[PDB]
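Please treat every number below as a calculation from the coordinates, not as lab data. Cβ sites come from the backbone with ideal geometry, for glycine too, and all protein chains shown count toward neighbours.
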There are 2 protein chains.
Amino acid sequence: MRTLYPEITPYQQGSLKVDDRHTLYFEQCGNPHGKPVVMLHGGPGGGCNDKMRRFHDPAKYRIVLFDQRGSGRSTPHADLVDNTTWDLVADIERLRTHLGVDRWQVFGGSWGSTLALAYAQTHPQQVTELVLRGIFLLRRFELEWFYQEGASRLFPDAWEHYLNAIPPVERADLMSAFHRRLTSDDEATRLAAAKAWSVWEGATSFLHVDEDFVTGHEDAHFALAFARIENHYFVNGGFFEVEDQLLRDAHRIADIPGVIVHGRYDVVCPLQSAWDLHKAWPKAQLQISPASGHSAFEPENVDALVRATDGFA
Amino acid sequence: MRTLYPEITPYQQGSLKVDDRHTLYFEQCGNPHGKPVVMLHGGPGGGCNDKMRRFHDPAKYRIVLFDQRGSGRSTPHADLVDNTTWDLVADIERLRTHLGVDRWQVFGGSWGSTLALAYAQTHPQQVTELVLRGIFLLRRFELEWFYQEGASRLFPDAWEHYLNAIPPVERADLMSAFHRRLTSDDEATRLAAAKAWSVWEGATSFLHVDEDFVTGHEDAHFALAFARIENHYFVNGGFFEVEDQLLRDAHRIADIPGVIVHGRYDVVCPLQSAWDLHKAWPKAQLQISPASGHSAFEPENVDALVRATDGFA
């Protein structure tokens, strides 16, 4: 069973003014002349972390990472203006074009997989391979599974906390009930909601509950951009033309090699979506983790991913 | 079959400052020393009309009417700040107290029946009789029936127009999708949504589609307050503690005489609710209109109401 490569530090860090309002933070790790790869974090609004630098062999890969609009160390933090799927797809191109690469491997998990697919289907010719994890297709049943009813059945105990953040009579469409609070003018009001919404994902992303992950998720500065940008994208349905758009346009990525790693007990994004993606994109290798959850840092998911990365290097 | 009394003008018109922000328009018609009755308009956000002065005998009734917060000729127009069921319940008391009446007949239809009930349950003692029509209990199935799916089956043709206002990916919870638009900063956006939302209740309020009613419902000024105030109360679930509050507390109006007039083919507020109220408050007389719709200006409805009014006079 493979593990993450050793802790590394970017040989270059910077900023890219994508438009007159958003400035993205980017960085590069590994071999400056190695095989190019762009890291797409989840959330949306989560931002990359140091651990995300370790999925690729720094000898063979030129690892490119960056924070998506209003996410992490990109400004303005938690901004919902012009923070849309097709904007993020254009940004990936601005970066690519800016760094001088023609084609590159797209690595993404959770929302990252949603962005990787949207990006690849919009720009097939600039994608060498796709390394997806914890597939999220953003169809309403997926959103509702996590935020309305579904995982609530396995995590009743944690669910009570998410629920309590909303008054009984508004509990019929929890996502919008949260949107009204995460968008409130009162800072206290949107904070209580952002923490409740953020923790929930923190409490259900690993087969075994990770106390530090939960806690890191109730951090007011993280909670704010995560919950707001997450809920923002969900309430608007990913800005897709039609709910099943990623499946509908999957034919554009037909000849793009790739791996689909997904944990069987992933209650954040059910295996269902990886199954459906697989049937629509046969050329990819579905690798199901027998006893893992959503997170990319589950031993089996890490193993599968590192193997995947080495396989294309 | 009775009819509306003749066109009458108020002997007094005014304005009442209920709080440092809201100024309610009110007026009085009829016998200044007659039996007092307060008229609760529907919507919420509809505001009274000239026709509403005519359900009572101007020789026996002191008819009090008023526009509810942000509606009609109350200010500020279309206002959602401190526009809540309990504020409106308080206002009824301010008007009552200000006009020096001790107890009075509450007459309301559609949302008006909701207020009438909320009010009577909070202040049983100041109510002589209740004359309800088009029962609306605000439970979520009622909202979903009219704005998500139900009445859509009988009015396929009209519903296509309501639906077209929202992009397909957001059509899963139409009420919240309209709210985001009716709450937009962009005026053009909230206008388009306000008209679409307001026409829908116009095209379905009478058994026989009334072309003037629809047209009046697409008037920008009326559209804006109606839609925004209506949507605002629904998305928040009538600001009740629990969804079935009006049935829960129906015991408080046990000894209050009343009449429930409902149209069999009322597709805006299904006979369901009139049926359940009636089971919970036995003392009232249920009078179902055989071939009538929602509106109080349905021949059979007008007949039932006028007779009710005269019976209590």
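Roughly how crowded by other chains is peptide A:68-75, in terms of the mean Cβ count from those chains within 10 Å of each of its Cβ atoms? Write down the numbers at each step before the final one.
On the way: counts 0, 0, 0, 0, 0, 0, 0, 0.
Mean number of neighbouring Cβ atoms from other chains: 0.
Under a crude label model (7 Å from the Cα following the beta-carbon direction), how far is B:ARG307 from B:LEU4 in nanometres?
Those two pseudo-labels are separated by 2.0 nm.
Between A:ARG153 and B:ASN31, what is the label-point separation in nm under the 7 Å Cα-to-beta-carbon projection?
6.5 nm
Which residue is it, in chain B, whose C-beta lies closest to the B-to-A rotation axis, and what is that distance in whole Å?
Closest Cβ to the B-to-A rotation axis, residue and whole-Å distance: B:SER176, 2.
Which of the peptides B:79-90, B:2-13 is most tightly packed, and how do the rest follow, going by the mean number of other Cβ atoms within 10 Å of each residue? Spell out each step's value before the answer.
Details: B:79-90: 17.1, B:2-13: 12.9.
Final packing ranking: B:79-90, B:2-13.
Give the nm distances, rounded to one decimal, from A:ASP50 to the matching residue in every other copy, measuring between label points 7 Å along Cα toward the beta carbon; shortest first.
7.7
FRET efficiency for B:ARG248 and A:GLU93, Cβ-Cβ distance as r, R0 = 56 Å, nearest 0.05?
Details: r = 57 Å, r/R0 = 1.01.
The formula returns an efficiency of 0.50 here.
Calculated FRET efficiency, A:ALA59 and A:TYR265, Cβ-Cβ r, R0 51 Å, to nearest 0.05? Mind dumping the intermediate values first?
Working: r = 34 Å, r/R0 = 0.67.
Between A:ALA59 and A:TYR265 the formula returns 0.90.
If Rh is defined by the Kirkwood formula over all Cα pairs and Rg also comes from Cα, what ratio Rg/Rh do you get for the protein assembly as shown? Before the final figure, lay out the partial values.
Working: Rg = 29.3 Å, Rh = 27.1 Å.
So for the protein assembly as shown, dividing Rg by the Kirkwood Rh gives 1.08.
Farthest toward the dipole's positive end in segment B:107-175, which of B:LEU115, B:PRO156, B:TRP145, given Cβ charges of +1 (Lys, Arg) and -1 (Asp, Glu) about the Cα centre?
B:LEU115
Say a label goes 7 Å from Cα toward Cβ at A:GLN13 in every copy; what distances in nm does this one have to the rest, shortest first?
The answer, with the shortest distance listed first, is 6.9 nm.
Nearest 500 deg cm²/dmol is fine: what mean residue ellipticity at 222 nm does chain B get from its DSSP H runs of n ≥ 4 alone, each adding -39,500 (n - 2.57), divided by its residue count? Could the numbers behind the result be given before it?
Working: 12 runs with 123 residues, N = 313.
Counting only the DSSP helices, I get -11500 deg cm²/dmol.
Treating the angle as unsigned and between 0 and 90°, give the value, to the nearest 10°, between the Cα long axis of helix B:299-312 and the longest Cα principal axis of chain B.
30 degrees
Could you pull out every residue, at least 5 positions away or on a different chain, whose amide H is within less than 5 Å of the one on B:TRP104? Hs are placed 1.01 Å off N in the peptide plane, and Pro or chain starts have none.
Sorted by chain and number, the residues that satisfy this are B:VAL127, B:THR128.
All other residues with a Cβ under 11 Å from the Cβ of B:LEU138 taken together, and with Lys, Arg as +1 and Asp, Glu as -1, what is their net charge?
On the way: positive: B:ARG139, B:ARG140; negative: B:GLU142, B:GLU243, B:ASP244.
Once positives and negatives cancel, what remains is -1.
Need one value for A:241-247: mean number of C-beta atoms belonging to other chains within 10 Å of its residues' C-beta atoms.
Values: counts 3, 3, 5, 1, 1, 0, 0.
What the average comes to for A:241-247 is 2.
Evaluate the distance, in nm, between pseudo-label points positioned 7 Å from the Cα of A:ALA220 and of B:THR215 along their respective Cα→Cβ axes.
It works out to 5.8 nm between the two label points.
Please report how far the C-alpha centroid of segment B:38-101 lies from that of segment B:255-277, rounded to the nearest whole angstrom.
Computed from Cα coordinates, the inter-centre distance equals 21 Å.
I'd like the FRET efficiency for A:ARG73 and B:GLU160, computed as 1/(1 + (r/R0)^6) with the beta carbon distance as r and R0 of 45 Å, rounded to 0.05. Don't jump to the answer; show the numbers that get you there.
Numbers: r = 47 Å, r/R0 = 1.04.
Approximately 0.45, to the nearest 0.05.
Taking a label point 7 Å from Cα toward Cβ, how far is A:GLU218 from its twins in the other copies, in nm, shortest first?
5.3
Can you count the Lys pairs in chain A with C-alpha separation below 26 Å, eight or more apart or on different chains?
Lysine pair count for chain A: 8.
Assuming a viscosity of 1.567 mPa s and a temperature of 4 °C, what translational diffusion coefficient in µm² per second does Stokes-Einstein assign to chain A, Rh being the Kirkwood radius over Cα pairs?
Values: Rh = 19.4 Å.
My calculation gives 67 µm²/s for D.
Please average, across the residues of B:170-182, the number of beta carbons from any other chain that are within 10 Å of each residue's own beta carbon, and give a whole number. Walk me through the numbers before you get to the answer.
Working: counts 5, 3, 9, 8, 1, 3, 8, 5, 0, 3, 6, 0, 0.
If you average over the peptide's residues, the count of other-chain Cβ atoms is 4.
Among B:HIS221, B:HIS294, B:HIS179, which comes first, second and so on when ranked by fewest other beta-carbon atoms within 10 Å? List each step's numbers first, then the result.
Values: B:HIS221 11, B:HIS294 28, B:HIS179 23.
Arranged by neighbour count, lowest to highest, B:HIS221, B:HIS294, B:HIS179 become B:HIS221, B:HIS179, B:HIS294.
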